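Participant: Residue numbers (this note's numbering), protein chains in the order written: chain A, 1 to 255; chain B, 1001 to 1256; chain C, 2001 to 2138; chain D, 3001 to 3144; chain E, 4001 to 4144; chain F, 5001 to 5143; chain G, 6001 to 6143; chain H, 7001 to 7145.
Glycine included, each C-beta is placed from N, C-alpha and C at the ideal position.
Have a look at this one.
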Amino acid sequence: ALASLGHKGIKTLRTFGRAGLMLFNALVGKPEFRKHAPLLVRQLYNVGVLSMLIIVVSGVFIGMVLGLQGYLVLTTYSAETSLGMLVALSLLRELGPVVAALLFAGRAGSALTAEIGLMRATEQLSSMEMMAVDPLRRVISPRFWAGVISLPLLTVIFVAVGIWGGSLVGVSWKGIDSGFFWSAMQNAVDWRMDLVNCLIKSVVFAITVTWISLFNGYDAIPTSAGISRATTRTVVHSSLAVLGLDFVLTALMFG
Amino acid sequence: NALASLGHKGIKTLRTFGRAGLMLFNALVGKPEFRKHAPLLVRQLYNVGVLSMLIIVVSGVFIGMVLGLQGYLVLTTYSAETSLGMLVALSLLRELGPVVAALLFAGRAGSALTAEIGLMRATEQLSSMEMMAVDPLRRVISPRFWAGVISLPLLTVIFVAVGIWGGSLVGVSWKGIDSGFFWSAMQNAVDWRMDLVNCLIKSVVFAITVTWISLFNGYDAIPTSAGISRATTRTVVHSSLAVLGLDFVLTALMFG
Amino acid sequence: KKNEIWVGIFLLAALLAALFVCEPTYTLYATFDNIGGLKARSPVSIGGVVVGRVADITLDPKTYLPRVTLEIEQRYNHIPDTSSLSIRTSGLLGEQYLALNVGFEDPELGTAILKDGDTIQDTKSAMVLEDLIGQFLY
Amino acid sequence: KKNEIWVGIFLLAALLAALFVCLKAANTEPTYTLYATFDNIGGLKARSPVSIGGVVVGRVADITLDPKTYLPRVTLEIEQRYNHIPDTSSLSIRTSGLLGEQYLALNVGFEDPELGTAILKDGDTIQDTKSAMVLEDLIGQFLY
Amino acid sequence: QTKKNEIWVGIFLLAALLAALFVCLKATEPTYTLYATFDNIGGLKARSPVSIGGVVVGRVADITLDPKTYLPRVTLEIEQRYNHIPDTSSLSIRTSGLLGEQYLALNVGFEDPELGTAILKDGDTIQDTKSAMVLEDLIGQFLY
Amino acid sequence: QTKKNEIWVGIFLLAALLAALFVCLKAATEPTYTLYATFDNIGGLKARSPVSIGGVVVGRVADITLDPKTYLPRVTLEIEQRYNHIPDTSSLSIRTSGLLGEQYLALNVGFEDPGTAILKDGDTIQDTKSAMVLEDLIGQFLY
Amino acid sequence: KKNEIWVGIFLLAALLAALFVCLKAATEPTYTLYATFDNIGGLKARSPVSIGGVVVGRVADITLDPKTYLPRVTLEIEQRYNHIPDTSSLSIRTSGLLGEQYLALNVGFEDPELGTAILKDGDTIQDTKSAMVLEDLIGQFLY
Amino acid sequence: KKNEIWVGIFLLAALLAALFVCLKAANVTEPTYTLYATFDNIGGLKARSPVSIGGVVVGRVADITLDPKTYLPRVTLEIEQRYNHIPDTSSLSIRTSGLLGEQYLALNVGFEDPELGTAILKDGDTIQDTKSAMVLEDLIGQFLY
């Protein structure tokens, strides 16, 4: 057991070292953002805009499911007018950021890894190094900043759409009074601190997810089979990291 | 521009649905279906089930812990903290268990199947199997489909039974609730046959849908190495959307 | 090329059918004075057994008395016109529902059966905790 | 592209029909405003409904005080479909739920075709009101 | 390799079985049905427990009206271990705690195989019952 | 194939902004002047709790602290300047919103006299009323 | 590979120590008693047995005497509480609102001239008081 | 190779240190002079249940034990030593925060006798007058009986 366990331990430590080195070498730089706008805009399109339909269509459904499962519980205690509070808080605290991060790792967290692994397979990174163009500054950092900028926005869209789906189920379908719903929801729970905590954990999830994605796409074996073993590894490790960091951040920000 | 583009996309989606239906149909009609297929199905249960078990266990632990925290904080304002076990168990057996298990299974094992079949199609292994008179749909699609269908409900059961333990860790061991009240309140009051059977039903539906979408996208991908990596993402996306939609439908049907 | 379109259309049709499928109700009318917390699709019940929903609630625009229209399943026909409706809360805090009371019929006296379209005369509005507390404390 | 465009237009029409069928599940309106002055509006807030015997007929626009007398003055918008409301009708705040969510209740005073009960037209004012009973002093009165 | 895959699939199936057992142990015997008619079943449902002095001694199969007189008729299923319930036993609907679900309470009547009263066997009907308590008529009876 | 990306990123940013505005508008200074009052039982009052006259929020609660000499909870509160002419016969009362909602200060103004001065910044309300606790309430109902 | 094996042993020891620290950051000789109630209410197995709010044992099982149909609970008091006089009386009490009930062992004082039979493994506590039911309280208060 | 391993060890150390300071800021300001009090029925008290003087928290409850010779549940609390002048007459009572909230100790400060002493309850001392928590069962019983 110990014959291979220590080798695996030193291998995992070396993997963490390579990841940290990639991040540090790709982030340090003063001329970073300017002259890179035509890169960052394209990356915001690839990472952000293309990953918007899934976010919206999933937010609608999660809002509807929350509305149903909250109505069927609150109608027992005559508190069905607090369904707005329930939906909004369950989205702004746990479901919103975590589910947005999972779907981002699925759609845009695996696309980045696949794209960078394929760019490494056709030897575009080596060809970019051969003409004195540092790839870590030319191909990594635009994607990293696109992911970091684009996940906390998809999270806001996911929330503001799930709230509307819960409104569809509660107010329209079930028949709750809209005034009670909205007024009950806004004064009681939507404080500045809940939105700030949502955005904070969303930004942390963005950082970790896009870092894992870029690293697994940059450290993959160039063969067409090592890429697919890196996309699945990206999805798995990113889901695990999202859930663990979510538990930690909940324990921090909610007592 | 919209009329032509919308019509073309509609026709293409109809064609894709038809091809998926034909693939599944021709893959699920046979006499030797399960005999002489034991090693195939065992290896596929290992590649789909066993390898996708650590992620399920860890995610179950963490989601049980998050549920314990966010349920204790809600119930402590009404002194109903002893109903935390009921809350965690029901929230897992109704929505979080099956849906999250399906999402993680489509990420880990739903993309691995698509990538593996796309690669098997790229190296001309499927054509080389057809050329020696071995129907690949009956040889590589059926074992993987049955492995997925058999392996998702078991993963969901493990996910639940682990998240319940995580919620117990948070509520009983950390927050200090009486263990007797927790378990007894949870067991006696709400975990009847109907809550479970519904969990298994929606888990089996999610299994069918996820594994079918994954196998079809792996079997219909463009053989190039850029058509595989574009089919894995499509697998994950379509599978997550289908899981969430079917989950909303099944909730509306089975509960309200 | 065409067989695939045909099987796709058939698959979509079968999936929508299984999505949908996976009553000869007749309609009455009741004019309360305070429906309390009744809504559409709220259950009508006889002794606690659901015997149909409540269609919708619309104010009588000429006298401003909420008229409730309900749909009772066909299995229950012999409901005497001397029946009575009431609004009760399920349990202690649960949702409100219509508690239909089957008033007994006299043997030598005419007691019409509630046909489709007839209205129930005797009703009992919901209770307002404000007025009950006022009556109890004064 | 003829049959393709036809199929696309048919799919758009089918999506519109599906949206209309979903609208068969459930779902502005002219409104005229009134005014009232309660001694204690309780937990009433803006958008709280105004119901005539459990049927919503309008919402509360906003709540302000009379800065000279410090009496909360509620202004409410009643939907136009309910025209003939006699001025003898009296408002009353009633509790709904458990967390304090309240809602007006318009007791329509029955008409009087022997005096000429003035219809509450736009901008009118409702005289008779009833403040929301607070549980604290009520429990005190019951105990004392 | 096949040995490793086989033992691991076995361990996976075993862990799934242990998980199902954990769930079902933190969540199938001879029975015999009896009938009972009320006039207000309150909020009973399928599989609502029937308890003798606080111990579950069966469930409820279905609740249907009496299509001739419109009275509910519950069909409980008492476990076979208890076969000495006299005919004097009276049913009564209660609720667990204050907000819990409603369950049937089975007061064992004073047995007396001296005056002829028999023991409830399969197919019999409990004659003496007691309907559930409604809040509306409760408050009405209280403050009147 | 680049103005497409530009306009789509613009639309995405605009949608994110509209969503943020929707949330922040379904989520929710002014010259005040603080007052002081020392209850005997603040119940469940807390910082940033609403004060109200007749049910209309006229100011928050600054903070709560004990009088380190007499051990009585002296709560200080801010009031919007628009509500100036508040007589000194006023009497703060602590009430709970509904039956399970949060607690709030229910300020009621009193009548005046043709000595009833007007409350100003820094003044201390004399008449108060502590919050009703459940156990002694039940005890008095029974005894 | 020996140095790698040693490094792995060190990592495993560190992981086990971290697991012990996590367990630290998060049995007793019970002796069985017996008691029979008229109606135990919603009391379930494993529900605690408290002596003035301090748990001193669980409830092992609840069964009916198949000849008189009276429920017979069997509880397990911990060893550290030995001097429990026989005059002590059980009483089922509710905690909360959904029926989470729990025994409340009320210790009774001994006798200053004959003592009292101290409860022992296998005894039976005679003075029992059945669980309160709401329907009968209402049917008593209204009549 | 060596530099990669060193960067990995440093990054993992920084990550675990951040997570450790976080979890130390998560699970859990120390004058905390403790008192002792014996009750007859602590009701629903626990550890970490707040003590309060007139409504504001002034300390928490360390733990609850049973006096093994009389079986009177003896509770121990910790008062922040910002507050000293608490006479021995100061009573203790168990009240429920609101109608349904958690239970908490109410420290009704006794009248400091200015002409008789009534010394200050210092660290380690105990309170004499208490009031056990009410239980609704026998209260309702005795009420309607």
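Kindly indicate if chain E contains any beta-carbon less than 8 Å away from that of G:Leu-6075.
Facilitator: Taking the first residue of the seventh sequence as position 1, residue 6075 of chain G is located at position 75. False, the Cβ-Cβ gap to chain E never drops below 8 Å.
Participant: If we ignore side chains and look at the alpha-carbon of each, how far apart do A:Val-242 and B:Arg-1108 end up?
Facilitator: For the purposes of this step, residue 242 of chain A is taken as residue 242 along the first sequence, with counting starting at 1. For the purposes of this step, residue 1108 of chain B is taken as residue 108 along the second sequence, with counting starting at 1. Near 15 Å, if we compare the C-alpha coordinates of B:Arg-1108 and A:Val-242.
Participant: Just reading off the alpha helix (DSSP H) that B:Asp-1247 is part of, what are its end residues?
Facilitator: Numbered from 1 along the second sequence, position 247 holds the residue referred to as residue 1247 of chain B. Run containing B:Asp-1247: 1225-1254, per the alpha helix (DSSP H) assignment.
Participant: Measure how close the beta-carbons of F:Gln-5103 and F:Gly-5043 come, nearest whole angstrom, since I'm counting them as under 8 Å.
Facilitator: Position 103 of the sixth sequence, counted from the first residue, corresponds to residue 5103 of chain F. Position 43 of the sixth sequence, counted from the first residue, corresponds to residue 5043 of chain F. Yes, F:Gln-5103 and F:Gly-5043 are in contact; Cβ-Cβ is about 6 Å, under 8 Å.
Participant: Just to confirm before moving on: does the CB-CB distance between H:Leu-7092 and H:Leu-7105 stay below 8 Å?
Facilitator: Counting from 1 along the eighth sequence, the entry for residue 7092 of chain H is found at position 92. Counting from 1 along the eighth sequence, the entry for residue 7105 of chain H is found at position 105. Against a cut-off of 8 Å, the Cβ pair of H:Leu-7105 and H:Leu-7092 comes out as a contact.
Participant: C:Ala-2126 CB to nearest chain A CB: under 8 Å?
Facilitator: Residue mapping note: residue 2126 of chain C aligns to position 126 of the third sequence, counting from 1. No, its Cβ sits nowhere closer than 8 Å to a Cβ of chain A.
Participant: Just how far apart, CA to CA, sit E:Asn-4040 and D:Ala-3014?
Facilitator: Within the fifth sequence, residue 4040 of chain E is the residue found at index 40, counting from 1. Within the fourth sequence, residue 3014 of chain D is the residue found at index 14, counting from 1. Near 47 Å, if we compare the C-alpha coordinates of D:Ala-3014 and E:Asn-4040.
Participant: Tell me which residues share the same chain as residue 1267 of chain B and place their Cβ nearer than 7 Å to its Cβ, disregarding the 5 neighbours each side in the sequence.
Facilitator: This structure cannot speak to residue 1267 of chain B, because chain B is shown only from 1001 to 1256.
Participant: Would you mind working out which of C:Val-2068, C:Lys-2002, C:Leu-2137 and C:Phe-2104 sits nearest C:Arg-2041, comparing C-alpha positions?
Facilitator: Within the third sequence, residue 2041 of chain C is the residue found at index 41, counting from 1. Comparing Cα-Cα distances from C:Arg-2041 to each of C:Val-2068, C:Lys-2002, C:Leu-2137 and C:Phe-2104, the minimum goes to C:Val-2068.
Participant: Using CA coordinates, which residue listed in A:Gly-70, A:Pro-222 and A:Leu-154 is at the minimum distance from F:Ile-5011?
Facilitator: If you number the sixth sequence from 1, residue 5011 of chain F lands on position 11. Nearest option by C-alpha distance: A:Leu-154.
Participant: May I ask which residues mark the beginning and end of the alpha helix (DSSP H) holding G:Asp-6136?
Facilitator: The residue labelled residue 6136 of chain G in the question sits at position 136 within the seventh sequence. Here the alpha helix (DSSP H) through G:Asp-6136 covers 6134-6141.
Participant: Would you mind giving the Cβ-Cβ distance between G:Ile-6118 and G:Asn-6082, rounded to the nearest angstrom? I have them listed as a contact below 8 Å.
Facilitator: Residue 6118 of chain G sits at position 118 when you count from the first residue of the seventh sequence. Residue 6082 of chain G sits at position 82 when you count from the first residue of the seventh sequence. Between G:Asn-6082 and G:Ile-6118 the Cβ distance is about 7 Å, and since that is below 8 Å, they are a contact.
Participant: Go to B:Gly-1171, then tell me how far its beta strand (DSSP E) extends in each direction, as first and last residue.
Facilitator: Numbered from 1 along the second sequence, position 171 holds the residue referred to as residue 1171 of chain B. No beta strand (DSSP E) holds B:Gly-1171; DSSP gives it neither H nor E.
Participant: Ordered along the chain, which non-local residues of its own chain (more than five positions away) have a Cβ less than 8 Å from that of D:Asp-3112?
Facilitator: Along the fourth sequence, read from residue 1 onward, the residue named residue 3112 of chain D stands at position 112. Answer for D:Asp-3112: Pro-3086 and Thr-3088, listed in chain order.
Participant: Using a threshold of 8 Å, state whether the C-beta atoms of B:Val-1210 and B:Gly-1148 are closer than that.
Facilitator: Against the second sequence, residue 1210 of chain B aligns to sequence position 210. Against the second sequence, residue 1148 of chain B aligns to sequence position 148. In contact: B:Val-1210 and B:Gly-1148 (Cβ atoms closer than 8 Å).
Participant: Round the Cβ separation of A:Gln-69 and B:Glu-1033 to the nearest angstrom and send it over; I've been treating them as touching at under 8 Å.
Facilitator: For the purposes of this step, residue 69 of chain A is taken as the residue at position 69 of the first sequence. For the purposes of this step, residue 1033 of chain B is taken as the residue at position 33 of the second sequence. That pair is no contact at about 38 Å.
Participant: As a quick exercise: from A:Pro-152, A:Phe-158, A:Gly-166 and A:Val-189, pick the residue whose alpha carbon is nearest that of A:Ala-206.
Facilitator: Mapped onto the first sequence, residue 206 of chain A falls at position 206. Among A:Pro-152, A:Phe-158, A:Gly-166 and A:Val-189, the Cα nearest to that of A:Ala-206 is on A:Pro-152.
Participant: Counting only C-beta atoms, is E:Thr-4031 closer than 8 Å to chain B at any point?
Facilitator: As a working note, residue 4031 of chain E is residue 31 in the fifth sequence. Output row for E:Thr-4031: interface = no.
Participant: Is it true that the CB of E:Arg-4094 sits closer than 8 Å to the CB of G:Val-6133?
Facilitator: Taking the first residue of the seventh sequence as position 1, residue 6133 of chain G is located at position 133. Taking the first residue of the fifth sequence as position 1, residue 4094 of chain E is located at position 94. Yes, they are a contact pair.
Participant: Is the Cβ of B:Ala-1242 closer than 8 Å to any Cβ of chain D?
Facilitator: Residue 1242 of chain B sits at position 242 when you count from the first residue of the second sequence. Answer no: the Cβ-Cβ gap between B:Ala-1242 and chain D never drops below 8 Å.
Participant: How should B:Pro-1098 be labelled, buried or exposed, when 16 other C-beta atoms within 10 angstroms of its C-beta is the threshold for buried?
Facilitator: The count along the second sequence starts at 1 and reaches residue 1098 of chain B at position 98. Buried is the call here.
Participant: At a CB distance below 8 Å, what residues from the segment 34-68 of chain A approach chain D? Give them in sequence order.
Facilitator: For the segment 34-68 of chain A, which is checked against every Cβ of chain D, not one residue is closer than 8 Å.
Participant: Taking contact to mean 3 or more Cβ pairs, one atom from each stretch, closer than 8 Å, check whether the segment 127-137 of chain A and the segment 4125-4141 of chain E are in contact.
Facilitator: Touching, no.
Participant: Between which two residues does the beta strand (DSSP E) carrying F:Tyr-5036 extend?
Facilitator: Counting from one through the sixth sequence, the residue named residue 5036 of chain F turns up at place 36. From DSSP, the beta strand (DSSP E) with F:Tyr-5036 extends over 5032-5038.
Participant: Look up G:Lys-6002 in the DSSP assignment and say whether it is helix, strand or coil.
Facilitator: As a first step, residue 6002 of chain G is located in the seventh sequence; it is residue number 2 there, counting from the start. Helix.
Participant: Could you check how far apart the C-beta atoms of B:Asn-1217 and B:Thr-1114 are, in whole angstroms? I think they sit under 8 Å.
Facilitator: Taking the first residue of the second sequence as position 1, residue 1217 of chain B is located at position 217. Taking the first residue of the second sequence as position 1, residue 1114 of chain B is located at position 114. At roughly 5 Å, the Cβ-Cβ gap stays under 8 Å, so B:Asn-1217 and B:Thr-1114 are in contact.
Participant: Give me the Cα-Cα distance between C:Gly-2110 and C:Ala-2030, rounded to the nearest whole angstrom.
Facilitator: What you label residue 2110 of chain C is simply residue 110 of the third sequence in a count that begins at 1. What you label residue 2030 of chain C is simply residue 30 of the third sequence in a count that begins at 1. Near 21 Å, if we compare the C-alpha coordinates of C:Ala-2030 and C:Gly-2110.
Participant: With DSSP collapsed to three states, give me the class of D:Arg-3094.
Facilitator: In the fourth sequence, residue 3094 of chain D corresponds to position 94, counting from 1. Correct three-state label for D:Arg-3094: strand.
Participant: Counting only C-beta atoms, is F:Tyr-5071 closer than 8 Å to chain D at any point?
Facilitator: By one-based count along the sixth sequence, residue 5071 of chain F stands at place 71. Not one chain D Cβ lies under 8 Å of F:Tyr-5071.
Participant: Tell me the rounded alpha-carbon separation between D:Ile-3063 and A:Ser-172.
Facilitator: For this step, residue 3063 of chain D is matched to residue 63 along the fourth sequence. For this step, residue 172 of chain A is matched to residue 172 along the first sequence. Going by the C-alpha atoms only, they are around 26 Å apart.
Participant: Comparing alpha-carbon positions, which option in A:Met-85, A:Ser-51, A:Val-56 and A:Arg-18 lies nearest A:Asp-194?
Facilitator: As a first step, residue 194 of chain A must be located in the first sequence, where it is residue number 194. Per the Cα distances, A:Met-85.
Participant: Kindly say whether D:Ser-3048, judged by its beta-carbon, lies nearer than 8 Å to any beta-carbon of chain A.
Facilitator: In the fourth sequence, counting from the first residue as 1, residue 3048 of chain D sits at position 48. Yes, contact with chain A.
Participant: For B:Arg-1138, which of helix, strand or coil comes out of DSSP?
Facilitator: As a first step, residue 1138 of chain B must be located in the second sequence, where it is residue number 138. Helix at B:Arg-1138.
Participant: Closer than 6 Å by C-beta to A:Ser-110: which residues in its own chain qualify, once you throw out the five before and the five after it? Chain order, please.
Facilitator: One-based indexing of the first sequence puts residue 110 of chain A at position 110. Excluding positions up to five away in sequence, the list reads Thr-231, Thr-234 and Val-235.
Participant: Let me make sure I understand the geometry here. Which of H:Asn-7003, H:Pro-7068 and H:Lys-7046 has the alpha-carbon closest to that of H:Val-7061?
Facilitator: As a position in the eighth sequence, residue 7061 of chain H is number 61, starting the count at 1. Residue H:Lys-7046 is the option with its Cα nearest to H:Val-7061.
Participant: Check whether the Cβ atoms of B:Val-1170 and B:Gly-1068 sit closer than 8 Å, and answer yes or no.
Facilitator: Locating residue 1170 of chain B in the second sequence gives position 170, where the first residue counts as 1. Locating residue 1068 of chain B in the second sequence gives position 68, where the first residue counts as 1. Yes, the Cβ-Cβ distance between B:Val-1170 and B:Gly-1068 is below 8 Å.
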